[PDB]
Asks: 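Let me begin by handing over the structure; questions about it come next.
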Amino acid sequence: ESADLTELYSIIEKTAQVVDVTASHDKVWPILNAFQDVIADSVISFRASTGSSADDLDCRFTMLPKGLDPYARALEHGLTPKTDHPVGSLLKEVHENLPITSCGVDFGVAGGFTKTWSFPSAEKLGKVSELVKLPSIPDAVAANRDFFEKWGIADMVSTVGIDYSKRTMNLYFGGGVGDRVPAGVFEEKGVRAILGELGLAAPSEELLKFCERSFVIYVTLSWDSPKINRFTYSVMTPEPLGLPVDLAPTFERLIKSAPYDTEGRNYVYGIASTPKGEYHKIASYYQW
Ligand SMILES: [Cl-]
Ligand SMILES: [Cl-]
Ligand SMILES: [Cl-]
Ligand SMILES: [Cl-]
Ligand SMILES: [Cl-]
Ligand SMILES: [Mg+2]
């Protein structure tokens, strides 16, 4: 399957160029070699960003099997260094104490290994009450326990992302046929209240219209701040050109001119609110 990795690299290099990023052969090939045994059956997607994060393109391999510890694999191959910071111990704690059924890894095509993904199945979700007991959890989860309880989302953790490069964590809520994020989270009063409570930028008119199409949210937390770092609404659609947003030129190019067919496939779009403003994300699915 060495020639398979060669085609995949060639797709990664070109897709990077579509969004004005240059892939690093020296960073990406070790990752392809490290995960060669799980790439064929993985879901592979490319995620572009506006704002500061526009300087790299993320590549994600998801739906990786139970029995792969993707952080351990990255450590084993020297793709990321050992650390005593709790970020390095959280994955194992989450995998034991939340009903995780598959996983994933995430890398910048220029920057190298950045994140792991831990996925419960939609039929049985994770709980904030179990997260707050984990030795390596950010203190900010319990520090915002009021927020998760207020908005009725504490028992519907649907994905955990761990970013080793930034020392942040993402908690997703909602998705698939699982428990639903309450409707009030997506109505204007709710969007204003949430962003206000979290000290984030007041929602734009574009964000309000986008929120009407959303049923997945995720919260970004860190170990070094008691405050939620950002709040992101997500929308899944096979017609991203029809989203009620103005698309960045790089996003339009990724939709229209990727080196592969996404005919029919869903894209995943996000709008992140921070204390300074709104930044967008779009994921295109190469292998599904
Ligand atoms: Cl993110
Ligand atoms: Cl509801
Ligand atoms: Cl996103
Ligand atoms: Cl998203
Ligand atoms: Cl910011
Ligand atoms: Mg259910």
Side-chain angles (χ1 to χ4, degrees), residues 69-71 83-91 93-101 103-104 106 114-175 178-186 189-203 214-234 270-276 279:
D69 174 337
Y71 186 50
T83 181
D84 259 10
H85 188 277
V87 70
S89 43
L90 183 63
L91 180 151
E93 297 171 14
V94 165
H95 280 216
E96 180 174 331
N97 292 290
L98 271 71
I100 304 306
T101 58
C103 67
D106 204 315
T114 59
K115 318 183 201 192
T116 56
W117 292 109
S118 301
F119 302 112
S121 294
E123 295 81 15
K124 192 195 293 207
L125 303 170
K127 304 177 186 295
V128 170
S129 63
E130 295 297 280
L131 289 168
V132 295
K133 297 173 181 188
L134 305 182
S136 302
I137 201 64
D139 288 347
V141 173
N144 289 277
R145 185 68 176 270
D146 63 319
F147 178 85
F148 303 112
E149 298 294 336
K150 182 174 179 187
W151 295 103
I153 59 172
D155 293 329
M156 62 180 70
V157 180
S158 58
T159 287
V160 179
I162 299 166
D163 190 323
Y164 304 88
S165 188
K166 303 294 196 319
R167 298 189 163 179
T168 62
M169 178 187 77
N170 284 355
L171 298 179
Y172 284 68
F173 305 88
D179 287 0
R180 292 191 195 176
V181 175
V185 161
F186 305 99
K189 190 199 191 192
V191 179
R192 289 190 181 281
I194 283 168
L195 275 26
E197 283 160 22
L198 298 181
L200 306 176
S214 175
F215 99 137
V216 173
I217 58 173
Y218 54 108
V219 174
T220 303
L221 309 102
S222 60
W223 281 262
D224 61 358
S225 173
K227 296 173 171 193
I228 283 163
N229 296 189
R230 48 182 195 275
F231 189 98
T232 308
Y233 287 89
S234 187
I271 301 177
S273 293
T274 80
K276 288 273 102 183
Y279 305 94

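Any value given below was found using the heavy atoms of this structure, including those in side chains, with hydrogens, waters and symmetry copies removed. All residue numbers refer to positions in the sequence shown, counting from 1.
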Asks: Looking at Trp223 and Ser136, would you say the former's side chain and the latter's main chain have a donor-acceptor pair under 3.5 Å?
Replies: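 Looks like yes, one N/O pair under 3.5 Å.
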Asks: Of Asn97, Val157, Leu90, which meets side chain to side chain contact (heavy atoms under 4.5 Å, CB included) against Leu131?
Replies: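 That would be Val157.
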Asks: Taking only residues two or more places apart in sequence, or in another chain, which ones meet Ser165 in a side-chain contact (heavy atoms from CB on, under 4.5 Å)?
Replies: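 Result, side-chain contact (heavy atoms from CB on, under 4.5 Å) vs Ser165: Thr114, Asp163.
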Asks: Keeping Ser225 on the side-chain end and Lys227 on the backbone end, is there a donor-acceptor pair under 3.5 Å?
Replies: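 Here the side-chain-to-backbone pair exists.
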Asks: Identify the residue among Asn229, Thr220, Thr159 that makes a side chain to side chain donor-acceptor pair (under 3.5 Å) with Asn170.
Replies: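 Among the candidates, only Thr220 passes.
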Asks: Run the ring-ring contact (aromatic ring centres under 6.0 Å, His included) test against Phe231 and tell me which residues pass, sequence neighbours left out.
Replies: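 Applying ring-ring contact (aromatic ring centres under 6.0 Å, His included) to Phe231 gives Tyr233.
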Asks: Which atom pair, heavy atoms only, marks the closest approach of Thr101 to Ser121?
Replies: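 Here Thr101 and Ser121 meet closest at OG1-OG, 2.8 Å.
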Asks: Can you confirm whether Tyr71 sits close enough to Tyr164 that some side-chain heavy atom of one is under 4.5 Å from a side-chain heavy atom of the other?
Replies: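 When only atoms from C-beta onward are counted, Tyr164 and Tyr71 do touch, with a gap below 4.5 Å.
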Asks: Restricting to non-hydrogen atoms, name the atom on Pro99 and the atom on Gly126 that form the minimum distance, rounded to 0.1 Å.
Replies: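 Shortest heavy-atom separation between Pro99 and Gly126 comes out as CD-CA, 4.0 Å.
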Asks: What pairs with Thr274 under side-chain contact (heavy atoms from CB on, under 4.5 Å), at least two apart in sequence or on another chain?
Replies: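 In terms of side-chain contact (heavy atoms from CB on, under 4.5 Å), with neighbours along the sequence ignored, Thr274 is linked to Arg230, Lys276, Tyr279.
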Asks: Does atom CG (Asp84) have a neighbourhood of more than 12 heavy atoms from anything else shown, all under 6.0 Å?
Replies: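 Counting other residues, nucleotides and ligands, CG of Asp84 stays at 12 neighbours or fewer.
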Asks: Specify the closest pair of heavy atoms between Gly152 and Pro182, including all atoms of both residues, with the distance to one decimal.
Replies: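 Looking at all heavy atoms of both residues, the shortest contact is O-CD, 4.1 Å.
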Asks: Evaluate the side-chain proximity of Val160 to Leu171: yes if any heavy-atom separation is below 4.5 Å, no if none is.
Replies: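 The answer is yes; the side chains approach within 4.5 Å.
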Asks: What's the shortest heavy-atom distance between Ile153 and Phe173, and which atoms?
Replies: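 Smallest interatomic distance, heavy atoms only, reads O-CD2, 3.2 Å.
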Asks: Are the side chain of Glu197 and the backbone N or O of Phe147 linked by a donor-acceptor pair below 3.5 Å?
Replies: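 The answer is no, because no donor-acceptor pair under 3.5 Å joins these two groups.
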Asks: At their closest point, which heavy atom of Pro120 faces which heavy atom of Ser158, and how far apart are they?
Replies: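 Result for this residue pair: CD-O, 3.2 Å.
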Asks: Could you work out, with side-chain contact (heavy atoms from CB on, under 4.5 Å) as the rule, every residue matching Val216, not counting sequence neighbours?
Replies: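 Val216: side-chain contact (heavy atoms from CB on, under 4.5 Å) contacts with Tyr172, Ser234.
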Asks: Taking only residues two or more places apart in sequence or in another chain, which ones pass side-chain contact (heavy atoms from CB on, under 4.5 Å) with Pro275?
Replies: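 Once residues adjacent in sequence are excluded, the partners of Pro275 under the side-chain contact (heavy atoms from CB on, under 4.5 Å) criterion are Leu200.
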Asks: Looking at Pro226 and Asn144, what are the two nearest heavy atoms and their distance?
Replies: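 Looking at all heavy atoms of both residues, the shortest contact is O-ND2, 3.0 Å.
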Asks: Any side-chain heavy atom of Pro70 sitting closer than 4.5 Å to one from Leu91?
Replies: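 Side-chain contact under 4.5 Å: yes.
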Asks: Can you list the residues that meet the ring-ring contact (aromatic ring centres under 6.0 Å, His included) rule with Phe215, with sequence neighbours excluded?
Replies: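 Here no residue qualifies.
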